[PDB]
Amino acid sequence: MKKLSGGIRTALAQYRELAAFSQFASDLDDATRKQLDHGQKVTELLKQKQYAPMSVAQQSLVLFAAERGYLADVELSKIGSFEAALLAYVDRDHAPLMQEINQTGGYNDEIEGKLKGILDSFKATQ
Amino acid sequence: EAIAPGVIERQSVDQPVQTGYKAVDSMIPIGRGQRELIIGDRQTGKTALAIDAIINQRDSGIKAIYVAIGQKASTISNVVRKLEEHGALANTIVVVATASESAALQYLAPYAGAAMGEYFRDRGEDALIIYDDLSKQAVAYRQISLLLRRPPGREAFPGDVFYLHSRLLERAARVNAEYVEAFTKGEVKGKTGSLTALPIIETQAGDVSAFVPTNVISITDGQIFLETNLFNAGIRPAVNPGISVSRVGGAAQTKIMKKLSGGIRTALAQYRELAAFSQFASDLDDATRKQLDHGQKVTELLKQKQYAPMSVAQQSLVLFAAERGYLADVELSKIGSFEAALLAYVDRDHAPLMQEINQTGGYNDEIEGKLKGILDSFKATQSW
Amino acid sequence: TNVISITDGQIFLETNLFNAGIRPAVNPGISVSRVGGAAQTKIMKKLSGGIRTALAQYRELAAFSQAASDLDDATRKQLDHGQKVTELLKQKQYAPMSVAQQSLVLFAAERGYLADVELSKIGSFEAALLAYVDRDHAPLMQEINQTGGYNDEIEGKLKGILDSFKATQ
Amino acid sequence: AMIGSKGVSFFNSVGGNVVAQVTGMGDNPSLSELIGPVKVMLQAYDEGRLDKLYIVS
Amino acid sequence: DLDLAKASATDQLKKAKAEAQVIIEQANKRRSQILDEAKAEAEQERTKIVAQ
Amino acid sequence: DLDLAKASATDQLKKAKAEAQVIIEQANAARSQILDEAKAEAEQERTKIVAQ
Amino acid sequence: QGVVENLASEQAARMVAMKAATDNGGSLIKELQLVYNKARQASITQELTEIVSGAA
Amino acid sequence: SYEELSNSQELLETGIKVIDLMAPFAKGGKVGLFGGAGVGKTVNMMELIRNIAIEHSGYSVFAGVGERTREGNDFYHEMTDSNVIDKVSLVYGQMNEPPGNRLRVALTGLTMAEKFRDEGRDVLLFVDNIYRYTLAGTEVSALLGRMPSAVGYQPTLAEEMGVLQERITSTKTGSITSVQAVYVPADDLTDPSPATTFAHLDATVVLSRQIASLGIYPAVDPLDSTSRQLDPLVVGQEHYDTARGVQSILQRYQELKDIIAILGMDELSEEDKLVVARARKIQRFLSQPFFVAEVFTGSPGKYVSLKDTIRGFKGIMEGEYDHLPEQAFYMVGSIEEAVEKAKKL
Amino acid sequence: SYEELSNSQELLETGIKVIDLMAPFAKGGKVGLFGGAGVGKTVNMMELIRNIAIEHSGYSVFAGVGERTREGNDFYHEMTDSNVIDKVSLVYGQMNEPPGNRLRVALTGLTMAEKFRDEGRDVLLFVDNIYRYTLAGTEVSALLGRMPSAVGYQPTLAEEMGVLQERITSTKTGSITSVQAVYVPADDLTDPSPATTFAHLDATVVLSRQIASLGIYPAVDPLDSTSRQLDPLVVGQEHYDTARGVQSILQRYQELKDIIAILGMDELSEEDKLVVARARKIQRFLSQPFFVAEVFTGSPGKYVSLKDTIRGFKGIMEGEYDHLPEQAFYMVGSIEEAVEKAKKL
Ligand SMILES: Nc1ncnc2c1ncn2[C@@H]1O[C@H](COP(=O)(O)OP(=O)(O)OP(=O)(O)O)[C@@H](O)[C@H]1O
Ligand SMILES: Nc1ncnc2c1ncn2[C@@H]1O[C@H](COP(=O)(O)OP(=O)(O)OP(=O)(O)O)[C@@H](O)[C@H]1O
Ligand SMILES: Nc1ncnc2c1ncn2[C@@H]1O[C@H](COP(=O)(O)OP(=O)(O)O)[C@@H](O)[C@H]1O
Ligand SMILES: [Mg+2]
Ligand SMILES: [Mg+2]
Ligand SMILES: [Mg+2]
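Residues numbered from 1 in each chain as written, not as in the entry; some residues may be left out. Chains lettered and ligands numbered in written order. Part of a larger assembly, values for the part shown. Heavy atoms only, no water.

- Per the PDB record, the structure was determined using cryo-EM to 3.5 Å resolution.

This is the structure:
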């Protein structure tokens, strides 16, 4: 979580200023456009239903998805359904990895590669 | 000191007391037995409105009481001289407590006037009582309480200041015929008495959050807001249609005046909102243009000179001219001359209809037809 | 406000001018002496004239000029004159000057001798003028410092001194 | 001849004779819209109605 | 066209000639109304002041 | 000539409309003078009566 | 060509006007904050004087 | 005691668009109508009475704490003429009465309601104005030797408020449903008296003078009103989604209006312009004429079901009615007749 | 007593354009100069003395209450030099005095004025600073064992002010014309001491620090200055219409200034720009060089008739002088002097 959360922190910090440009963002540098459509999607991802706590594995998984650019082509209106589908998929096909993450919370290349495989395999569905 | 009539002894307010002002009589009707607060900053015309309301009663049969708390005696001399220049003084009682007199006299002054008005109310006659600057009464009572070493509350006022004004103002009420018969021991039967109170409160900078203004606003049955900006803009009387309200409403109006003004008041409020919105937009939809022009002309229409009350028939005629669209083509500046010329023309040529409207106050299809014919004839033949 | 209602005037020092390097930071328009010219020496009263009101007007004219300007000839003269007199008024700390040296710099200011000298040279012009008048016009400085009088003879003397200094700068 | 609504409004308030108007180009204005007013001004000029033409910008 | 022109000329002449006369006559009526009102109210005021 | 019907109407209508205004103004002045003089005579009657 | 150049001049003028407007807003904010702070201190002082006086 | 309480949040329909949509009532819950002087608390409570208490088919208690005598007389005559007075008991302490009467009058109504509840009946309790009770307490406090606190309220403000409010509850034997008008001094919701009572209620309806200044009654503020029942488990997903959509749209419009006021509407994105338009439509659609206010308006009152309110707000949130003017919705009623006013406009 | 009071409407002319235009006052009335510290109450009072003494041959009383001793010495010496001293009685208790002298000094001046009045003369009374009397009352109030009120003023503030003010009145036996300067603490026009004084005065002239900082003198605020005499019956229709036109134009300028501050003047409509241009000219024209201020400005003072000021302001509002620059109107006595200044800009 410490490794992943810095991306969220900086993404929201950048998104806050561009919110002023959101009214007329049609005429902007494409870099600024990317930053804006990334901050908006992160803010949309952070919302959560009451009484539904997420384990560290699931928060880390969705944060990895948001930070590594896998949400770049997903529509703002559909972020929540993407999150729910991803959580159901990982709960169905890859429970041991979630168990290890909940038990240790460690991070290394052997884990990042597994998460990359998880997200590539999920992205073929839904 | 006396208690107000209980719940079971009162009767619903459904009779008009005419102020003679187009704005007040139209948007904010006052009924026989209502408590209507006049509130505003210094030098905004609060006293003028109340004395004009007193002047207008010279022929309506309603007795008048003017209570002066803490004002300088020369102002009261001028007020009495103005009431005497018209026929109003013979119908009016004046109770005076000048600024020099001791605080006890000033704080007791409203109650003496309340008892004097209650004399008429219990015999079945109508009385209108003006409390001028109840804030000065509250100041005198604060002085009295502080000299008695009673614990000061908020804003250094004593805690029971609300009970003072509440028990003062609750005397103004309309009593059913049974209470009148019981009081008179059968000498008077079948008549209901009423006392109408118009307290005056001065706000320092429009700040309604002060202790005395909050209490008086809580007690009364409505308020008429006069504010400096409209007065300086030339809108006199400077009645703010948005924050001013009458809680009795249409039941106090005659049928025709109610029909005409009901839409008018909220139309003017929403016009002010739209004019706030539209101020920088170059393109206006034709509906929005209609609303803006109509609102400007109605705002211009309600201005009225001091000491010039208008009868019910004249107010009804002018409001009919405004509502039914006849004012639309007239340029804004000529609206006043249009009104004056219409009043003079109708007075000379169509007196019987004015008499009928003033006496009955009724409204019918033939009444509307006659008014429409009068408007068409005036607009064709005459010149502003 | 309690203190202002007692004294015979106030000298208002403005933090914005002090930060801008205008020191002493005396803000006209707010600052005033209520005894007025009666305290002043004749020569200083004559030469000071309307300086405070001219500066008060100029400080508002410069604030408006940043947005837009009209009558760009007279307003230009007013702006440059105001800027140069503000540059002339700045004086270093622990550096008092007698009424004589004060009188002649005001003469150079109001008679138009400073009109065509650039801002970056106003202080050097003032120092050179003081050193120059200290050399050979010492009797006139002594006369001015003894009696703060004004007359056409010393008027012409000051005019000639300014002309000669302006020639040999 | 008038391009843009601001000139239309100002010169209608002044009451000067306006023969042609075009509005609503926004960004990326096109010559295709411009062909009109210049065509009518040319027609006025060559038929003697106009003797000199100026562009104001 | 000749018939329409003559008819319109006569119609507008008649209409203007009537309307201007009406306007001036009713202006005289208004003047007389104001004069009568002032004449009555002067004595009304004096009769109030003497009782005062 | 037909196009002068409006012209011939404006030669009469607006001039009479304007003249009505000064006709009313003179009556207004007369009214004001009458009421002022009535007040000024009533005051001098009242003062005489009270002084008696 | 004249139309295009006028459009460019319009854009430059708008940029300048928006800079001026931003500076004006920034200048207004600080005066509003000073007034608000004066009111904030005054309210605390008045209410504490009232509380102390009420403890007769 | 703690063991006797119940949580039977049976939904209750009021027939008012904004109240049913944004702040749904529950049987046995407590409802507060917050507002300044002259915003519509009394007429709203009268409309609520006419709707529920007549159909309720049960006993009701009306506590006139610090009410105007004229209004109490009018209410009594209204109940008599409509011939429902036989089911309702009235307790009145008017303004002119000394502070003791206003201080204690509410407890008499609470005692009668508790007597009815302990029998096992379901009763409606109406309080004219809770605020006046605390005002009577503040009046008496200074002479009682207590030192002042806060804005000059008595130190025991929260204790008294809790003591009165905690007796108005629905126990396992019987349920008390209560609607309380709460005066807000100078419309400042920060004031301790309105601030404290907020925690005791279940549904809170806030009337704002800023809306009332425009004449658009009921003047209920959708962005401040809330109810405990407004969650998917009770209202179902449809109602929750509609309410959240309306809230978000109005919130966005509140921000956009600031740009519009100075810079003008042309500076907005076309989507922001569309949002402003549809939000300005929804704002007017929340208005509804009450047939207890015909004396004021002069127009017939309207009653609306929950389903029709949901469908209408859904239709306005979507493109179905983008073409209708803003005035076409003002004080109309159901969406099915806004088109008629648009044709008439 | 109430019977003895006498009414009078004889307008008293002054040389000051703004005063007699916006707030004219009648012989035997009360005039109050409200202002903060340094806005120029004393200068205006001295100019009023100079102008009014021209057409008034009766006696005069000047009562200095808690002001500078230096100003008293200067006034006395300038009275002696002009050989008019023998018509003026001077009662001086200045700020250096202990509180009792400042508290009771005004009553002595009032007693002398009443003695002159009861003889049947027409007297002029000038109070250098009425505020100090209430300030001395505040200083001594705490030691007398009286609980503080409001902002710490004495509880008897209103009675103490009223008992003093009520004695300064014209009577059927004789008339008193009164001019009073009223200090405004911390420029708060809502302070109880200024607030109470407003009701006792017939004409009130409010001086604003913001205008004085522009260098416009006298710094009279025309949107707050008001007089009982501004009535079409007394002043006549033309003066009334000119005054109300000026008031409305300045109100519109105040309304536009908030937009001007942010967006600048360019955004305004072409009629709004004309309104601003005329309002600025009106504001400049209200300035006037005073004879007593020659020691400050240097320029000679001017005396302006009522006819000239009303004609000039009516001409400015009609737009006859729209071709002149703003500076043309600054510190000019009359409109002809304004056009003469325009030729040299
Ligand atoms: N309708 C009106 N049209 C024009 N002038 C008016 C009107 N009503 C009042 N005025 C004028 O407004 C001024 C103040 O009027 P008034 O004395 O009634 O005010 P007020 O609010 O009672 O004042 P104060 O605070 O001094 O008691 C007077 O000059 C009066 O003639
Ligand atoms: N007509 C005028 N022309 C120029 N300056 C003026 C004019 N009127 C007043 N002033 C300025 O007003 C300043 C203060 O005036 P004055 O002494 O009358 O103030 P005050 O309001 O009586 O103040 P205080 O509260 O200190 O007694 C003077 O320094 C002077 O410059
Ligand atoms: N729904 C409404 N329809 C029409 N008028 C209303 C409505 N609500 C409030 N008003 C106006 O507000 C006034 C006061 O309403 P009321 O509820 O008595 O005030 P309060 O809320 O202070 O009790 C009424 O006279 C009425 O004219
Ligand atoms: Mg008054
Ligand atoms: Mg209500
Ligand atoms: Mg002074």
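### Notes on the overall build of chain C
So, point 1. What chain C contains, in helices and strands, is eight helices and two strands.
So, point 2. Against the compact-globule benchmark of 15 Å for 169 residues, chain C has a radius of gyration of 17 Å, which places it among compact chains.
So, point 3. In terms of overall dimensions, chain C has C-alpha extents of about 45 × 40 × 30 Å along its principal axes.
So, point 4. In chain C, which comprises 169 residues, the proportion classed as buried is 30%. (Helix = DSSP H or I, 4+ residues; strand = E, 2+ residues; numbered from the N terminus. Rg over C-alpha atoms; globule rule 2.2 N^0.38 Å. Buried < 20%, exposed > 50% of the residue type's maximum accessible area, 1.4 Å probe, protein only.)

### So, the overall build of chain H
So, point 1. Along the backbone of chain H there are 13 helices and nine strands.
So, point 2. Whereas a compact globule of 345 residues would reach a radius of gyration of roughly 20 Å, chain H reaches 21 Å, a difference of no more than 12%.
So, point 3. The principal-axis extent of the C-alpha atoms belonging to chain H is close to 65 × 45 × 40 Å.
So, point 4. Scored against the burial criterion, the 345 residues of chain H give a buried share of 54%.
So, point 5. A sequence separation of at least 24 residues applies to 71% of the contacts in chain H between residues at least 6 apart.
So, point 6. Working note: accessible area of chain H is about 14500 Å², and carbon and sulfur atoms make up 53% of it.
So, point 7. Positive and negative side-chain charges of chain H, numbering 34 and 48 respectively, have mean locations separated by a distance of 2 Å. (Contact = heavy atoms within 4.5 Å. Areas by Shrake-Rupley, 256 points an atom, 1.4 Å probe, with all protein chains shown as cover. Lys, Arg positive; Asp, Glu negative; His and termini not counted. Charge placed at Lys NZ, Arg CZ, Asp CG, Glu CD.)

### Focus: the coordination of the magnesium ion (ligand 5)
So, point 1. Ligation of the magnesium ion (ligand 5) by protein atoms is provided by H:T42 (N) and H:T42 (OG1), these donors lying 1.8 to 2.1 Å from the ion.
So, point 2. Tracing the sequence through the fold places H:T42 in helix α2 (residues 41–56). (Donors = N, O, S within 2.8 Å, 3.2 Å for Na, K, Ca; no water.)

### What about the site of ligand 2?
So, point 1. Near ligand 2 lie 18 residues; those nearest to it are C:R34, I:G40, I:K41, I:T42 and I:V43.
So, point 2. More than one chain lines the surroundings of ligand 2; the residues nearby belong to chains C and I.
So, point 3. Measuring from an oxygen atom of ligand 2, one finds a backbone N or O atom of I:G40 at 2.8 Å.
So, point 4. Contact between ligand 2 and I:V43: an oxygen atom at 2.7 Å from a main-chain N or O atom of the residue.
So, point 5. Ranked by residue count, the leading element in the shell around ligand 2 is helix α2 (residues 41–55) of chain I, at three residues. (Near = heavy atom within 4 Å. Polar contact = N/O pair within 3.5 Å; in protein donor to acceptor, adjacent residues only side chain to side chain.)

### Comments concerning the interface of chain H and chain B
Size of an interface, as often reported, equals the accessible area lost when the parts are brought together.
So, point 1. If you look at the interface, chain H gives 37 residues, while chain B gives 42 residues.
So, point 2. Roughly 3700 Å² of surface becomes buried between chain H and chain B when both sides are summed, with 57% attributable to carbon and sulfur atoms.
So, point 3. When the buried surface of chain H facing chain B is broken down by residue, H:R68, H:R70 and H:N96 rank first, second and third, together holding 16% of it.
So, point 4. Applying the counting criterion to the chain H and chain B interface returns four salt bridges.
So, point 5. Notably, a salt bridge pairs B:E273 with H:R280, separated by 3.9 Å at the nearest N-O pair.
So, point 6. Elements with a contribution of two residues or more to the side of chain H that touches chain B: α3 (69–81), β5 (88–94), α5 (131–143), α9 (232–263) and α11 (294–297) of chain H.
So, point 7. Here the side of chain H that touches chain B takes seven residues from α3(H), the largest share from any one element.
So, point 8. Across the side of chain H that touches chain B, the residue classes break down as 19 nonpolar, eight polar and ten charged. (Buried area = accessible area lost by both parts, 1.4 Å probe. Salt bridge = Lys/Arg side-chain N within 4 Å of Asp/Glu carboxyl O. Nonpolar A, V, L, I, M, F, W, Y, C, P; charged D, E, K, R; others polar.)

### What to know about the interface of chain F and chain E
So, point 1. Each partner contributes residues to the interface: chain F has 25 residues there, and chain E has 25 residues.
So, point 2. Buried area between chain F and chain E, summed over both chains or domains, comes out near 2000 Å², and the portion from carbon and sulfur atoms is 72%.
So, point 3. Inspection of the chain F/chain E interface yields one salt bridge.
So, point 4. Taking the shortest distance from any N to any O, the salt bridge between E:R46 and F:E45 comes out at 3.1 Å.
So, point 5. At the junction of chain F and chain E, the tally comes to three residue pairs in polar contact.

### Brief notes about the arrangement of the chains
So, point 1. Looking at the 13 pairs of chains with contacts, the pair that accumulates the most is chains B and H.
So, point 2. The two units chain F and chain G are non-contacting; their minimal C-alpha-C-alpha distance is 43 Å.

### Topic: the site of ligand 3
So, point 1. Looking at ligand 3, there are 14 residues lining it, with B:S246, H:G38, H:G40, H:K41 and H:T42 nearest.
So, point 2. Chain contributions to the surroundings of ligand 3 come from chains B and H.
So, point 3. Between H:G38 and ligand 3, the recorded distance is 2.8 Å, taken from a backbone N or O atom to an oxygen atom.
So, point 4. Within the contact set of ligand 3, an oxygen atom lies 2.9 Å away from a backbone nitrogen or oxygen of H:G40.
So, point 5. In isolation ligand 3 offers 560 Å² of accessible surface; the protein chains occlude 93% of this area.
So, point 6. Those elements that provide at least two residues to the shell around ligand 3 are β8 (245–246) of chain B together with α2 and α11 of chain H.
So, point 7. A per-element tally of the shell around ligand 3 places α2(H) first, with three residues.

### Digging into α9(H)
So, point 1. Taking 1.5 Å as the rise per residue, α9(H) with 32 residues should run 46 Å; its terminal C-alpha atoms sit only 40 Å apart, a clear shortfall.
So, point 2. Its maximal kink placed at H:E238, α9(H) deviates by approximately 75°.
So, point 3. Buried within α9(H) we find H:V235, H:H239, H:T242, H:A243, H:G245, H:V246, H:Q247, H:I249, H:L250, H:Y253, H:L256 and H:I260.
So, point 4. Of the surrounding secondary structure, the elements contacted by the buried residues of α9(H) are α10 (255–278) of chain B together with α1 (17–22), α10 (270–285) and α12 (306–317) of chain H.
So, point 5. After α9(H) finishes, the residue H:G264 shows a positive phi value of roughly 95°. (Expected span 1.5 Å × (residues − 1). Bend = angle between axes of the 7 residues up to and from the residue.)

### So, the packing of helix α4 (residues 99–118) of chain I against helix α5 (residues 131–141) of chain I
Residue and element names in this part refer to chain I.
So, point 1. Axis separation between α4 and α5 bottoms out at 8 Å; the angle between their running directions is 140°. The angle between α4 and α5 places the two elements in the oblique class. In terms of crossing hand, the pair formed by α4 and α5 is left-handed. Residues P99, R102 and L103 of α4 touch α5, and the partners they reach there are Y133, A136, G137, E139 and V140.
So, point 2. When its residues are assigned to classes, the contact of α4 with α5 shows five nonpolar, one polar and two charged. (Axes fitted to C-alpha atoms, helices over the stretch in contact; angles between N-to-C directions. Parallel < 35°, antiparallel > 145°, perpendicular 65-115°, else oblique. Left-handed = near helix turned anticlockwise from the far one by under 90°.)

### Concerning the packing of helix α5 (residues 99–110) of chain C against helix α7 (residues 138–146) of chain C
Residue and element names in this part refer to chain C.
So, point 1. Viewed as axis vectors pointing N to C, α5 and α7 meet at an angle of 105°, and their least axial separation amounts to 8 Å. When the axes of α5 and α7 are compared, the pair comes out roughly perpendicular. On α7, the residues that touch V99, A100, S103 and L104 of α5 are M141, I144 and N145.
So, point 2. Looking at the contact of α5 with α7 residue by residue, the class counts come to five nonpolar, two polar and no charged.

### Observations concerning the domain arrangement of chain H
Residue and element names in this part refer to chain H.
So, point 1. Splitting chain H by domain gives domain 1 (1–229) and domain 2 (230–345).
So, point 2. Here the C-alpha centre of domain 2 lies 28 Å away from the C-alpha centre of domain 1.
So, point 3. The interface is formed by 29 residues belonging to domain 1 together with 31 residues belonging to domain 2.
So, point 4. Surface buried jointly by domain 1 and domain 2 totals about 2600 Å² across both partners, of which 69% is contributed by carbon and sulfur atoms.
So, point 5. A per-residue breakdown of the area domain 1 buries against domain 2 is headed by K17, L21 and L223, which together make up 29% of the total.
So, point 6. The interface formed by domain 1 and domain 2 holds zero salt bridges in total.
So, point 7. There are twelve residue pairs in polar contact connecting domain 1 and domain 2.
So, point 8. Those elements that place two or more of their residues in the side of domain 1 that touches domain 2 are α1 and α2.
So, point 9. Sort the elements by how many residues they give to the side of domain 1 that touches domain 2 and α2 lands first, with six residues.
So, point 10. Partitioning the side of domain 1 that touches domain 2 into residue classes produces 14 nonpolar, nine polar and six charged. (Domains from an automatic or database assignment.)

### Considerations on the side chain of H:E139
So, point 1. Here H:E139 shows up in helix α5.
So, point 2. Overall, H:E139 belongs to the buried group, its relative accessible area being 7%.
So, point 3. There is a polar contact of 3.0 Å between the side chain of H:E139 and the side chain of H:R102.
So, point 4. Among residues more than four places away in sequence, those in contact with H:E139 are B:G159, B:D160, B:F162, B:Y163, H:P99 and H:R102.

### Some details on the sheet that holds strand β2 (residues 63–69) of chain B
All names here are of chain B.
So, point 1. If you walk across this open sheet you meet the four strands as β3-β2-β4-β5, and the pairing is parallel. Strands at the two margins of the open sheet, each flanked by one partner only, are β3 (92–97) and β5 (194–197). Sheet twist, expressed as the mean angle between neighbouring strand axes with direction ignored, is 15°.
So, point 2. Bridge count for β2 against strand β4 (residues 126–132) is six bridges, and the pairing is parallel. (Pairing = 2+ DSSP bridges.)

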